[PDB]
Amino acid sequence: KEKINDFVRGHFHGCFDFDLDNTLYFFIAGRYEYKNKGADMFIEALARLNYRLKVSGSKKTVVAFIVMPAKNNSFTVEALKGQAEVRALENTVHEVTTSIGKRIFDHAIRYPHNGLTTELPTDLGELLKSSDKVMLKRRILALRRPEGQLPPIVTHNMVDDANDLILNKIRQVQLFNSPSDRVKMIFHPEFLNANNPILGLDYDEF
Amino acid sequence: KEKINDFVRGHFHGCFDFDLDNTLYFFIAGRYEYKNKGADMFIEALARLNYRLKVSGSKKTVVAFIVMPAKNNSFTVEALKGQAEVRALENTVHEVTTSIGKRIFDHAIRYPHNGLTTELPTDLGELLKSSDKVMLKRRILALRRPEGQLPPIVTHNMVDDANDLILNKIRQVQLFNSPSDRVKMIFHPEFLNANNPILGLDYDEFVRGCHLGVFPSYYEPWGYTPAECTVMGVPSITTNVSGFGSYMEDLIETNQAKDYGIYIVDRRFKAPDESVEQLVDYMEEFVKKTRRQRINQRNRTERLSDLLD
Amino acid sequence: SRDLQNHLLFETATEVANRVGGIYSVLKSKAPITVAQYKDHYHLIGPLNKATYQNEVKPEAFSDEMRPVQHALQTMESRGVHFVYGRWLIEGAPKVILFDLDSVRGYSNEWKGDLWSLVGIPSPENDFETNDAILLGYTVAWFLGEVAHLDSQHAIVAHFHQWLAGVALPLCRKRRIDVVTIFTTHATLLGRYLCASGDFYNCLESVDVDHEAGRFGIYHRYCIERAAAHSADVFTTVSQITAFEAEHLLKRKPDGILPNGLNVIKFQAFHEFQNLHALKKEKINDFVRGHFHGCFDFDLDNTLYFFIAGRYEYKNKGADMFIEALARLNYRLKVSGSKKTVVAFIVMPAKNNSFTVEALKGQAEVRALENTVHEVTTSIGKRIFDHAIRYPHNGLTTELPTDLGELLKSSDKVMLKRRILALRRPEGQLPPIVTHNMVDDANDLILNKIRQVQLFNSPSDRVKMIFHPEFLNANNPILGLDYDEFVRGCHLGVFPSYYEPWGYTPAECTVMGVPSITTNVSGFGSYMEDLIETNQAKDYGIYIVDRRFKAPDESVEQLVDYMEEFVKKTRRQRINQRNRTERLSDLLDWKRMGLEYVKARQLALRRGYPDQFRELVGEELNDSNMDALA
Ligand SMILES: O=c1ccn([C@@H]2O[C@H](COP(=O)(O)OP(=O)(O)O[C@H]3O[C@H](CO)[C@H](O)[C@H](O)[C@H]3O)[C@@H](O)[C@H]2O)c(=O)[nH]1
Ligand SMILES: O=c1ccn([C@@H]2O[C@H](COP(=O)(O)OP(=O)(O)O[C@H]3O[C@H](CO)[C@H](O)[C@H](O)[C@H]3O)[C@@H](O)[C@H]2O)c(=O)[nH]1
Ligand SMILES: O=c1ccn([C@@H]2O[C@H](COP(=O)(O)OP(=O)(O)O[C@H]3O[C@H](CO)[C@H](O)[C@H](O)[C@H]3O)[C@@H](O)[C@H]2O)c(=O)[nH]1
Ligand SMILES: O=P(O)(O)OC[C@H]1O[C@H](O)[C@H](O)[C@@H](O)[C@@H]1O
């Protein structure tokens, strides 16, 4: 589930208004038989489940996956690019916390001398400096989404996007991952695998 | 130098009141001959330097190492235990900052949503929790040292402490590492090694980490100790009655040679109490140097190593 | 009347509180050295950019001796003129005076009329910009008259940058305002325009200045530039090649050069710049592994990183030569059996739709391998450790493991192999020559040139092409470097320019210890070929290609010659050459290039008050140049 959470954090970069500790992951998977496998019901049922959860004022979120292989031209740039921009933040944060560590450790080993009245630092400014902030802000701006763009409902470029049953059905019931929706949709038109650069999980792990 | 800094932090746990970024590492080394190798003069000179700095009001700090093997029963528990207590803290800090990361990270990626009005956390309480603050304080507590205890002048338990010359000389000049002393004193009666559990540097590595070798010998046919120093771009103070000292006095004009890291004290044509003041002059000069200066001097000292090939 | 030892300085340009062009960065970086000399006697002047100025910008306001500046500001207020006073928020904190041109346009037709008779300059009012150039030039001379009038202690210097600011120069000359003037032109008008087609440097001695200016239809601007250069007590350019250029095309030899320095950020240790190089070289190495994923047949340790960067001017910046030359070098290197490799970067912004999937995906797959390795190596760690500590018990005869199968298990071998296969690229696919999706790929000039010389990053090629049509930035998810960080990590900048009045590209490059190849028709190349003998300058990291007294094809062959030279170097040799280049940086710091700005100002006071300067120094020194003076 941590590897999924990681994928999701990328996916909703810029539009991430919910709590993964209070988030659930439904999926459907298999051969793309829209009608026999019941993708139709699934999508419809989810659209309604969304309405119920909104009405009840629940704070939970459902991120719902469709793993049915359809013809595609691999991943989208937007998928790969935001998963990269989220790692960029992860890393800059790790660097910054290394610096904070030095600053804490100096205070801890220098107490009680040099006028260090408290055992630990108290002001955040003692630990976090302009150079540190500037990085973090730049990495944050990189995650900003455009004017009103919503997280996508598909991870790939589809061959025949306009005729795709699953996608037309999601568009029809209007699950577009706008913030208010407590049900999110992610169609991944490709069997899962560990080499997958955006959700590196063999199916069995996912 | 970092590896020496980790040792010193250990050694001074509790009584740590100076900045290692404005601290210099002098050392004397080799076969324990109190009189011949110049340890008498060294320790005295340092006590006089300690006076000069307090007087002149210097922000600097000197940690003077003595590496001369002597009869001993291995390390003190207090050196060995303090090393562990300083690492306990290093590893508690590393855990806390991880927690801090996760929080900073969550804020960044969530902003501007969920009522987050600033791009970064502003108040420290968002990052640093009580559970985190408790483990840290406990680690700090373990570094406290007893009422009026000071950092030791010895890293080992001596066989015959009460009669050892080096230890008695230090006690006599009254360098007990109190916070008001600008010169500290760490006698390590054992040849340095990488497997040393308090200071895990081979001798050559330690040399590089230090700032200034001081080998003010009285008898010394050659003196590899300052020669090795000089090969590693480390300024050394030696004497004209040493072989190496005499040789470098031939090759270079004695006032040039200070810019080239080879300080030469006069122990042939001067009173022993004038020798000591010249050795103190040279140390007080080096302490006055900026980092610009030390680095440049170190490059000159390095470039000089061709002559010793 | 006036004092020359304590004088005022009023620097005036278009680009004060707004980064419209190169001139921005000159004034900005120079401000620290010019504040430090003058303190409160220095004042920058320009037009108030209502939009962006919000970013960058009482009896207490001035001292007693600098009260005359305060009184003259109130006299501009007494005819209604709105003006922003303050500090410019950059190193040095110089004081700015930003005139509102919206609150002086009611004079426009009168003032454009005045120019018909005072100098004779037409003003087609369908030219949005020359209007603003005239409004500033009159508003500033309306101010400099009042300060010369209200201050009778100091001498006064008024420096103007580029033709747009210098409408005020004829007005200071004709009206006989009591200030000494300096004009500095960073590029001639005709020069930029004549270089459109292409042979500028040979056949500019004979060109009809008025017929040519008239044919491009920019005669009304040319007039303002020509007027400015003649009017001023001192006329200057930013480089010798531009001085040559300015002599024939503006009809006045300059009194000297004001070459553009940089605010050189120094380190406490000199050798720090060198450690950075290797750090940032590793970030590029990370990129290059991702790029060649699957076709990775060379040793990055024995690999060099050439680059060109800047505005996308295919001809002027010399991308044409760079690519042609790189193709020829590839032949040489193959012929000569060299084992080295060159990855050449072109960093010139072109219209794109961000990165390719292949680019992002490739470096994602390389990170997956990085991490699966990291998992496997901890397992190996655990096994080495357990053999170590258990020795010599349980039958362990050797101190350490000797069979790899002891440390690397099936489970570990499988996931490494899977990661390997993921990097495998389609049969006969090569590494791309572009990181992005181009909007108009088939018509991109760089990509046509590259396709034509057939640098396609096949494994036999010792020169690889990477066109990255976008300025470098830290946030970039494939090559996460700010431009400065990338430069440092590279080994050789190559900026074989044709029209380039200065070129900060190679100067920046040199500041950060990186050798460049520039040309003798660039302003920076002129200035170094004067300061250093040209064969010696190669040892200090300044390779200068002759694009003036050589055929285009010989220039190319010289550029190839120089690269081949640089490739041949050993690592010691590159490291030192880099050290020599870094030592050179002080010549480009404002702590030296700002002395030439004083020489211009000492010559302005010499011609302006010949008797007063004679008596304040001793005799009268030579009058003709900046260089001929004290
Ligand atoms: O990312 C994924 C997702 C699913 N799977 C695998 O794919 C299978 C999904 O099964 P299908 O959707 O292919 O359909 P079934 O195999 O359940 O059933 C099919 O095969 C049966 C026996 O051949 C019948 O013939 C039946 O009519 C036909 O629907 C699962 O076992 C699962 O392990 C993956 O490997 N990777
Ligand atoms: O922690 C340490 C410190 C030093 N050393 C090494 O051991 C040497 C110790 O030097 P000494 O104190 O033994 O002095 P020298 O070897 O410079 O000279 C000595 O050896 C000479 C030749 O035998 C003469 O006898 C002379 O009187 C005597 O001073 C150093 O050079 C260094 O190489 C270590 O291995 N570990
Ligand atoms: O990835 C990059 C690459 C370059 N740069 C910067 O972009 C500049 C490149 O400048 P250009 O090549 O666009 O041109 P110049 O700054 O040399 O000069 C420009 O301004 C001059 C005077 O205003 C002339 O008009 C000239 O013709 C015009 O190109 C460099 O300073 C460099 O710092 C980046 O920030 N990121
Ligand atoms: O010039 P290069 O071949 O990139 O190598 C250059 C060198 O850079 C710096 O000097 C580093 O300290 C060395 O680690 C490296 O050997």
# chains A, B, ... in the order shown; residues from 1 in each chain; ligands from 1
$ residues_around --residues "residue 598 (chain C)" --least-positions-apart "2" --cutoff "12 Å" --atoms "only C-alpha atoms" --output "PyMOL selection string"
chain C and resi 7+9+33-34+37-38+157+159+182+256-258+590-596+600-605+626-627+629-630
$ write_last_selection --atoms "N, CA, C and O atoms" --output "short mmCIF file (atom, residue, chain, number, x, y, z; two decimals), in the first residue's frame"
data_model
loop_
_atom_site.label_atom_id
_atom_site.label_comp_id
_atom_site.auth_asym_id
_atom_site.auth_seq_id
_atom_site.Cartn_x
_atom_site.Cartn_y
_atom_site.Cartn_z
N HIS C 7 32.37 64.39 -7.18
CA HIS C 7 31.36 64.58 -8.25
C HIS C 7 30.20 63.58 -8.16
O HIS C 7 30.34 62.51 -7.56
N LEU C 9 27.28 60.97 -9.99
CA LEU C 9 27.15 60.02 -11.11
C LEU C 9 25.67 59.67 -11.34
O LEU C 9 25.01 59.17 -10.43
N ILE C 33 30.06 47.53 -7.03
CA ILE C 33 31.34 48.25 -7.14
C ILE C 33 31.16 49.79 -7.29
O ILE C 33 32.00 50.55 -6.83
N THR C 34 30.07 50.23 -7.92
CA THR C 34 29.77 51.66 -8.09
C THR C 34 29.09 52.33 -6.88
O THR C 34 29.23 53.55 -6.68
N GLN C 37 32.08 52.87 -4.24
CA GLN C 37 32.91 54.05 -4.54
C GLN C 37 32.19 55.38 -4.24
O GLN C 37 32.80 56.30 -3.69
N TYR C 38 30.92 55.48 -4.64
CA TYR C 38 30.16 56.73 -4.54
C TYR C 38 29.18 56.82 -3.36
O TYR C 38 28.88 57.92 -2.90
N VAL C 157 28.42 63.99 -13.63
CA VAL C 157 28.59 63.02 -14.72
C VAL C 157 27.24 62.35 -15.03
O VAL C 157 26.53 61.92 -14.11
N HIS C 159 25.85 59.29 -17.37
CA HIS C 159 26.18 58.14 -18.21
C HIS C 159 24.90 57.59 -18.84
O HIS C 159 23.89 57.44 -18.15
N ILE C 182 28.79 60.74 -20.84
CA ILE C 182 29.35 59.53 -21.40
C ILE C 182 28.16 58.82 -22.10
O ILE C 182 27.06 58.75 -21.53
N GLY C 256 37.09 54.70 -25.83
CA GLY C 256 37.54 53.46 -25.22
C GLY C 256 36.45 52.42 -24.98
O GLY C 256 35.27 52.61 -25.31
N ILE C 257 36.89 51.33 -24.38
CA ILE C 257 36.06 50.16 -24.16
C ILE C 257 35.58 50.16 -22.70
O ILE C 257 36.33 50.52 -21.79
N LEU C 258 34.32 49.76 -22.52
CA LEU C 258 33.70 49.54 -21.20
C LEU C 258 33.20 48.11 -21.11
O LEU C 258 31.99 47.87 -21.02
N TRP C 590 34.05 42.98 -11.75
CA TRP C 590 33.90 44.44 -11.68
C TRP C 590 34.97 45.13 -10.83
O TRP C 590 35.20 46.32 -10.98
N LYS C 591 35.65 44.37 -9.97
CA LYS C 591 36.88 44.83 -9.29
C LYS C 591 38.07 45.10 -10.22
O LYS C 591 39.09 45.61 -9.77
N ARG C 592 37.97 44.73 -11.50
CA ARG C 592 38.89 45.24 -12.52
C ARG C 592 38.17 45.96 -13.67
O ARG C 592 38.58 47.04 -14.07
N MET C 593 37.09 45.39 -14.20
CA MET C 593 36.39 45.99 -15.34
C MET C 593 35.65 47.27 -14.96
O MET C 593 35.22 48.03 -15.84
N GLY C 594 35.47 47.49 -13.65
CA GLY C 594 34.91 48.73 -13.11
C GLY C 594 35.91 49.87 -13.01
O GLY C 594 35.49 51.01 -12.78
N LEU C 595 37.20 49.57 -13.15
CA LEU C 595 38.25 50.60 -13.29
C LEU C 595 38.15 51.29 -14.64
O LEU C 595 38.49 52.47 -14.74
N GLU C 596 37.75 50.56 -15.69
CA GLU C 596 37.53 51.16 -17.02
C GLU C 596 36.31 52.10 -17.07
O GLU C 596 36.30 53.04 -17.85
N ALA C 600 36.56 56.23 -18.11
CA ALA C 600 35.59 56.96 -18.93
C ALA C 600 35.14 58.21 -18.19
O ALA C 600 35.07 59.28 -18.78
N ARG C 601 34.87 58.07 -16.89
CA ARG C 601 34.46 59.21 -16.05
C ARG C 601 35.57 60.25 -15.77
O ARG C 601 35.26 61.43 -15.58
N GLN C 602 36.83 59.82 -15.73
CA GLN C 602 37.98 60.75 -15.60
C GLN C 602 38.23 61.53 -16.91
O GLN C 602 38.66 62.69 -16.86
N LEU C 603 37.97 60.90 -18.06
CA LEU C 603 38.06 61.57 -19.36
C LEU C 603 36.89 62.53 -19.60
O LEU C 603 37.06 63.51 -20.30
N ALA C 604 35.72 62.23 -19.04
CA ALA C 604 34.55 63.12 -19.16
C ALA C 604 34.78 64.45 -18.43
O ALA C 604 34.39 65.50 -18.94
N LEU C 605 35.42 64.39 -17.26
CA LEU C 605 35.76 65.59 -16.47
C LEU C 605 36.98 66.38 -17.01
O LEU C 605 37.09 67.58 -16.76
N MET C 626 40.81 57.39 -23.27
CA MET C 626 40.75 56.97 -21.87
C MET C 626 42.10 56.43 -21.41
O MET C 626 42.53 56.71 -20.29
N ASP C 627 42.73 55.63 -22.28
CA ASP C 627 44.03 55.02 -22.00
C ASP C 627 45.19 56.02 -21.92
O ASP C 627 46.17 55.79 -21.21
N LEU C 629 45.20 58.85 -20.42
CA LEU C 629 44.89 59.75 -19.30
C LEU C 629 45.24 59.15 -17.92
O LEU C 629 45.47 57.94 -17.78
N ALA C 630 45.28 60.03 -16.92
CA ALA C 630 45.23 59.67 -15.50
C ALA C 630 43.77 59.70 -15.04
O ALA C 630 43.42 59.13 -14.01
#
$ interface_residues --of "chain C" --to "chain B" --cutoff "12 Å" --atoms "only C-alpha atoms" --output "PDB file with N, CA, C and O atoms, in the first residue's frame"
ATOM      1  N   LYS C 266      33.060  34.472  -5.208  1.00  0.00           N
ATOM      2  CA  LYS C 266      34.293  33.764  -4.873  1.00  0.00           C
ATOM      3  C   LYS C 266      34.038  32.759  -3.784  1.00  0.00           C
ATOM      4  O   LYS C 266      33.038  32.842  -3.090  1.00  0.00           O
ATOM      5  N   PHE C 267      34.951  31.804  -3.650  1.00  0.00           N
ATOM      6  CA  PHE C 267      34.917  30.810  -2.571  1.00  0.00           C
ATOM      7  C   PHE C 267      36.046  31.085  -1.580  1.00  0.00           C
ATOM      8  O   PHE C 267      37.027  31.748  -1.911  1.00  0.00           O
ATOM      9  N   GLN C 268      35.892  30.590  -0.358  1.00  0.00           N
ATOM     10  CA  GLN C 268      36.918  30.752   0.670  1.00  0.00           C
ATOM     11  C   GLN C 268      38.180  29.991   0.277  1.00  0.00           C
ATOM     12  O   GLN C 268      39.267  30.532   0.351  1.00  0.00           O
ATOM     13  N   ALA C 269      38.023  28.743  -0.140  1.00  0.00           N
ATOM     14  CA  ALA C 269      39.099  27.983  -0.771  1.00  0.00           C
ATOM     15  C   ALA C 269      39.007  28.135  -2.287  1.00  0.00           C
ATOM     16  O   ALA C 269      37.914  28.106  -2.835  1.00  0.00           O
ATOM     17  N   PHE C 270      40.144  28.303  -2.962  1.00  0.00           N
ATOM     18  CA  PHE C 270      40.174  28.477  -4.422  1.00  0.00           C
ATOM     19  C   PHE C 270      39.691  27.207  -5.106  1.00  0.00           C
ATOM     20  O   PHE C 270      38.789  27.248  -5.933  1.00  0.00           O
ATOM     21  N   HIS C 271      40.292  26.087  -4.719  1.00  0.00           N
ATOM     22  CA  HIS C 271      39.979  24.749  -5.238  1.00  0.00           C
ATOM     23  C   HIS C 271      38.560  24.226  -4.994  1.00  0.00           C
ATOM     24  O   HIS C 271      38.307  23.059  -5.233  1.00  0.00           O
ATOM     25  N   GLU C 272      37.646  25.057  -4.498  1.00  0.00           N
ATOM     26  CA  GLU C 272      36.238  24.663  -4.294  1.00  0.00           C
ATOM     27  C   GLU C 272      35.502  24.526  -5.616  1.00  0.00           C
ATOM     28  O   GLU C 272      34.800  23.527  -5.848  1.00  0.00           O
TER      29      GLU C 272
END
$ interface_residues --of "chain B" --to "chain A" --cutoff "8 Å" --atoms "only C-alpha atoms" --output "PDB file with C-alpha atoms, in the first residue's frame"
ATOM      1  CA  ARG B   9      32.918  16.004  20.535  1.00  0.00           C
ATOM      2  CA  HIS B  13      30.846  15.661  26.035  1.00  0.00           C
ATOM      3  CA  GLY B  14      29.122  17.846  28.580  1.00  0.00           C
ATOM      4  CA  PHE B  16      31.647  21.516  25.082  1.00  0.00           C
ATOM      5  CA  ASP B  17      31.746  25.311  24.818  1.00  0.00           C
ATOM      6  CA  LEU B  89      22.601  11.291  20.031  1.00  0.00           C
ATOM      7  CA  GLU B  90      23.787  11.236  16.346  1.00  0.00           C
ATOM      8  CA  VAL B  93      18.824  13.121  15.699  1.00  0.00           C
ATOM      9  CA  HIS B  94      18.788  11.054  12.466  1.00  0.00           C
ATOM     10  CA  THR B  97      14.788  14.526  11.327  1.00  0.00           C
ATOM     11  CA  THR B  98      13.238  11.678   9.331  1.00  0.00           C
ATOM     12  CA  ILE B 100      10.555  16.043  10.397  1.00  0.00           C
ATOM     13  CA  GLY B 101      11.020  15.196   6.738  1.00  0.00           C
ATOM     14  CA  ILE B 104       7.649  18.995   5.774  1.00  0.00           C
ATOM     15  CA  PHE B 105       7.075  16.734   2.789  1.00  0.00           C
ATOM     16  CA  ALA B 108       4.608  20.743   0.658  1.00  0.00           C
ATOM     17  CA  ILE B 109       2.602  18.317  -1.443  1.00  0.00           C
ATOM     18  CA  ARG B 110      -0.717  19.139   0.223  1.00  0.00           C
ATOM     19  CA  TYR B 111      -0.344  22.934  -0.060  1.00  0.00           C
ATOM     20  CA  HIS B 113      -5.142  22.667   0.202  1.00  0.00           C
ATOM     21  CA  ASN B 114      -6.607  21.628   3.548  1.00  0.00           C
ATOM     22  CA  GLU B 119       3.915  27.063   1.299  1.00  0.00           C
ATOM     23  CA  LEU B 120       6.086  25.827   4.104  1.00  0.00           C
ATOM     24  CA  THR B 122       6.372  28.203   9.879  1.00  0.00           C
ATOM     25  CA  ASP B 123       5.940  27.136  13.535  1.00  0.00           C
ATOM     26  CA  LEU B 124       8.375  24.460  14.801  1.00  0.00           C
ATOM     27  CA  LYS B 133      11.590  15.943  22.052  1.00  0.00           C
ATOM     28  CA  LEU B 136      16.445  13.804  22.390  1.00  0.00           C
ATOM     29  CA  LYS B 137      16.507  15.300  25.887  1.00  0.00           C
ATOM     30  CA  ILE B 140      21.424  15.167  26.017  1.00  0.00           C
ATOM     31  CA  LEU B 143      26.146  13.728  28.023  1.00  0.00           C
TER      32      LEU B 143
END
$ closest_atom_pairs --of "chain A" --to "chain C" --cutoff "10 Å" --atoms "only C-alpha atoms" --output "CSV"
residue,atom,partner,partner_atom,distance
A:73,CA,C:357,CA,9.8
A:74,CA,C:357,CA,8.2
A:75,CA,C:357,CA,7.0
A:76,CA,C:357,CA,6.7
A:77,CA,C:357,CA,5.2
A:78,CA,C:357,CA,9.0
A:79,CA,C:357,CA,9.3
A:80,CA,C:360,CA,6.1
A:81,CA,C:360,CA,6.7
A:82,CA,C:477,CA,8.5
A:83,CA,C:477,CA,9.2
A:84,CA,C:477,CA,5.7
A:85,CA,C:477,CA,6.2
A:86,CA,C:477,CA,9.6
A:87,CA,C:477,CA,9.0
A:88,CA,C:477,CA,7.5
A:89,CA,C:475,CA,9.5
A:135,CA,C:474,CA,9.2
A:138,CA,C:475,CA,7.2
A:139,CA,C:475,CA,6.5
A:140,CA,C:475,CA,9.6
A:141,CA,C:475,CA,8.9
A:142,CA,C:475,CA,6.3
A:143,CA,C:475,CA,9.6
A:194,CA,C:418,CA,8.6
A:195,CA,C:422,CA,6.4
A:196,CA,C:365,CA,8.3
A:197,CA,C:364,CA,5.7
A:198,CA,C:364,CA,8.3
A:200,CA,C:368,CA,8.6
$ write_last_selection --atoms "N, CA, C and O atoms" --output "CSV table (one decimal), in the first residue's frame"
chain,number,residue,atom,x,y,z
A,73,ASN,N,-0.4,3.9,-26.6
A,73,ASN,CA,0.9,4.3,-26.9
A,73,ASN,C,1.7,4.7,-25.6
A,73,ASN,O,2.1,5.8,-25.4
A,74,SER,N,1.9,3.7,-24.8
A,74,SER,CA,2.5,3.7,-23.5
A,74,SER,C,1.9,4.9,-22.6
A,74,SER,O,0.8,5.2,-22.8
A,75,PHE,N,2.8,5.3,-21.7
A,75,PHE,CA,2.4,6.3,-20.7
A,75,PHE,C,2.3,7.6,-21.3
A,75,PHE,O,2.7,7.9,-22.4
A,76,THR,N,1.7,8.5,-20.5
A,76,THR,CA,1.5,9.9,-20.8
A,76,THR,C,2.8,10.6,-20.3
A,76,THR,O,3.4,10.0,-19.4
A,77,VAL,N,3.2,11.7,-20.9
A,77,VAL,CA,4.2,12.5,-20.3
A,77,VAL,C,3.8,13.0,-18.9
A,77,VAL,O,4.6,13.0,-18.0
A,78,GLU,N,2.5,13.4,-18.8
A,78,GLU,CA,2.0,14.0,-17.5
A,78,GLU,C,2.1,13.0,-16.4
A,78,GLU,O,2.2,13.4,-15.3
A,79,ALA,N,2.0,11.7,-16.7
A,79,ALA,CA,2.1,10.7,-15.7
A,79,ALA,C,3.5,10.6,-15.2
A,79,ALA,O,3.8,10.7,-14.0
A,80,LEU,N,4.5,10.4,-16.1
A,80,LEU,CA,5.9,10.2,-15.8
A,80,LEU,C,6.5,11.5,-15.2
A,80,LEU,O,7.3,11.4,-14.3
A,81,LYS,N,6.1,12.6,-15.7
A,81,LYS,CA,6.6,13.9,-15.3
A,81,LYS,C,6.3,14.3,-13.9
A,81,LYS,O,7.1,14.9,-13.2
A,82,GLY,N,5.1,14.0,-13.4
A,82,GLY,CA,4.7,14.4,-12.1
A,82,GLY,C,5.2,13.4,-11.0
A,82,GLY,O,5.4,13.7,-9.9
A,83,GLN,N,5.5,12.1,-11.5
A,83,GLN,CA,6.0,11.2,-10.6
A,83,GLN,C,7.5,11.6,-10.4
A,83,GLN,O,8.0,11.5,-9.3
A,84,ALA,N,8.1,12.1,-11.4
A,84,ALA,CA,9.4,12.7,-11.3
A,84,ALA,C,9.5,14.0,-10.4
A,84,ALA,O,10.4,14.1,-9.6
A,85,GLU,N,8.5,14.8,-10.6
A,85,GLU,CA,8.5,16.1,-9.8
A,85,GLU,C,8.2,15.8,-8.3
A,85,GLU,O,8.5,16.7,-7.4
A,86,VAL,N,7.6,14.7,-8.0
A,86,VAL,CA,7.3,14.3,-6.6
A,86,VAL,C,8.6,13.7,-6.0
A,86,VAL,O,8.8,13.9,-4.8
A,87,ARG,N,9.3,13.0,-6.7
A,87,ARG,CA,10.6,12.5,-6.3
A,87,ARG,C,11.6,13.7,-6.0
A,87,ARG,O,12.4,13.6,-5.1
A,88,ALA,N,11.5,14.6,-6.9
A,88,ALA,CA,12.3,15.8,-6.7
A,88,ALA,C,12.1,16.5,-5.4
A,88,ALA,O,13.0,17.0,-4.8
A,89,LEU,N,10.8,16.5,-5.0
A,89,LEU,CA,10.5,17.1,-3.7
A,89,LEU,C,11.0,16.2,-2.6
A,89,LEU,O,11.7,16.7,-1.8
A,135,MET,N,14.8,26.3,-1.9
A,135,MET,CA,14.7,25.0,-2.7
A,135,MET,C,13.3,24.5,-2.6
A,135,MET,O,12.6,24.3,-3.6
A,138,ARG,N,10.7,26.1,-4.7
A,138,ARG,CA,10.8,25.8,-6.1
A,138,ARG,C,10.3,24.4,-6.5
A,138,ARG,O,9.6,24.2,-7.5
A,139,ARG,N,10.6,23.4,-5.6
A,139,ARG,CA,10.1,22.1,-5.8
A,139,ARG,C,8.5,22.0,-5.7
A,139,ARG,O,7.9,21.1,-6.3
A,140,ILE,N,8.0,22.9,-4.9
A,140,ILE,CA,6.5,23.0,-4.7
A,140,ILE,C,5.9,23.6,-5.9
A,140,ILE,O,4.9,23.0,-6.4
A,141,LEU,N,6.4,24.7,-6.4
A,141,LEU,CA,5.9,25.3,-7.6
A,141,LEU,C,6.0,24.3,-8.8
A,141,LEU,O,5.1,24.4,-9.7
A,142,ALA,N,6.9,23.5,-8.9
A,142,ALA,CA,7.0,22.4,-9.9
A,142,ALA,C,5.8,21.5,-9.9
A,142,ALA,O,5.5,20.8,-10.9
A,143,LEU,N,5.2,21.3,-8.7
A,143,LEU,CA,4.0,20.5,-8.6
A,143,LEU,C,2.7,21.1,-8.9
A,143,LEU,O,1.7,20.5,-9.2
A,194,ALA,N,6.2,-5.0,-12.3
A,194,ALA,CA,7.3,-4.4,-11.5
A,194,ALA,C,8.2,-3.4,-12.2
A,194,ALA,O,8.8,-2.5,-11.6
A,195,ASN,N,8.3,-3.5,-13.6
A,195,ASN,CA,9.1,-2.6,-14.4
A,195,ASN,C,8.4,-1.3,-14.8
A,195,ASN,O,9.1,-0.3,-15.0
A,196,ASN,N,7.1,-1.3,-14.9
A,196,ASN,CA,6.2,-0.1,-14.9
A,196,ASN,C,6.9,1.1,-14.2
A,196,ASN,O,7.3,1.0,-13.1
A,197,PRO,N,7.2,2.1,-14.9
A,197,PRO,CA,7.9,3.2,-14.3
A,197,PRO,C,7.1,4.1,-13.4
A,197,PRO,O,7.6,5.0,-12.7
A,198,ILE,N,5.7,4.0,-13.5
A,198,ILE,CA,4.8,4.9,-12.6
A,198,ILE,C,4.2,4.2,-11.5
A,198,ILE,O,3.7,4.9,-10.5
A,200,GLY,N,5.3,0.7,-9.9
A,200,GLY,CA,6.2,-0.4,-10.0
A,200,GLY,C,5.9,-1.6,-9.1
A,200,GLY,O,6.6,-1.8,-8.1
$ select_by_dssp --residues "region 91-142 of chain A" --states "alpha helix (DSSP H)" --output "PyMOL selection string"
chain A and resi 91-110+130-141
$ residues_around --residues "residue 30 (chain A)" --least-positions-apart "5" --cutoff "8 Å" --atoms "only C-alpha atoms" --output "list in words"
residues 37, 67, 68, 69 and 191 of chain A
$ atom_distance --atom1 "CA of residue 192 (chain A)" --atom2 "atom 6 (C, counted along the ligand's line) of ligand 1"
8.9 Å
$ residues_around --residues "region 47-57 of chain B" --least-positions-apart "5" --cutoff "7 Å" --atoms "only C-alpha atoms" --output "list in words"
residues 173, 175, 181, 182, 183, 280 and 284 of chain B
$ atom_distance --atom1 "CA of residue 482 (chain C)" --atom2 "CA of residue 31 (chain C)"
24.1 Å
